[PDB]
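Engineer: Sequence first, structure after, both from an experimental entry:
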Amino acid sequence: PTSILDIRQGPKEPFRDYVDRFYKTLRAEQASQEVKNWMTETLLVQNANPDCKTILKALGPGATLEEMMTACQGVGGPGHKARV
Amino acid sequence: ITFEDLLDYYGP
């Protein structure tokens, strides 16, 4: 919500949606840039849901956002409408 | 990743 500490990934929320929400909230957060970096380096992976949190830990600290996106693509999904 | 990475991704 009005705090970056309140942003956590939905149980089935696409990782890409969560990161976007996290980003939007962090931009509004009143803190130094170095602190915002610290928040991204810890809170983002920490508040991801259990399934993505596991994939992220595996990729390591050197992973890029694009690599994280690709790795969590489909977790909680596929999210397609049930084609009757 | 850092906040700057987020900025470059979505940003500017």
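Structural biologist: Received the coordinates, thanks. Residues are numbered from 1 along each chain as shown, chains lettered A, B, ... in the order given.
Engineer: what residues does chain A put near chain B?
Structural biologist: A:19-20, A:22-23, A:26, A:33, A:36-37, A:39-41, A:44, A:63-66, A:68 (CB under 8 Å from any CB of the partner chain). C-beta here means a position set from N, CA and C on the backbone, and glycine is covered the same way.
Engineer: so the spatially closest residue to residue A:46 that is not a sequence neighbour, which of the three states?
Structural biologist: Spatial nearest neighbour of residue A:46, chain neighbours left out: residue A:53 (7.5 Å); criterion: CB to CB, 6 or more residues apart in numbering or on different chains. What DSSP: H, G, I helix; E, B strand; the rest coil gives for residue A:53 is helix.
Engineer: Was I right to think residue A:53 contacts residue A:43?
Structural biologist: No. With contact defined as CB atoms under 8 Å, residue A:53 does not count as touching residue A:43 (11.7 Å).
Engineer: all helices for chain B, in order.
Structural biologist: Assigned by DSSP state H, the helices in chain B fall at B:3-10.
Engineer: Residues of it that sit close to chain A?
Structural biologist: Taking CB under 8 Å from any CB as the contact definition, chain B meets chain A at B:1, B:2, B:3, B:4, B:5, B:6, B:9, B:10.
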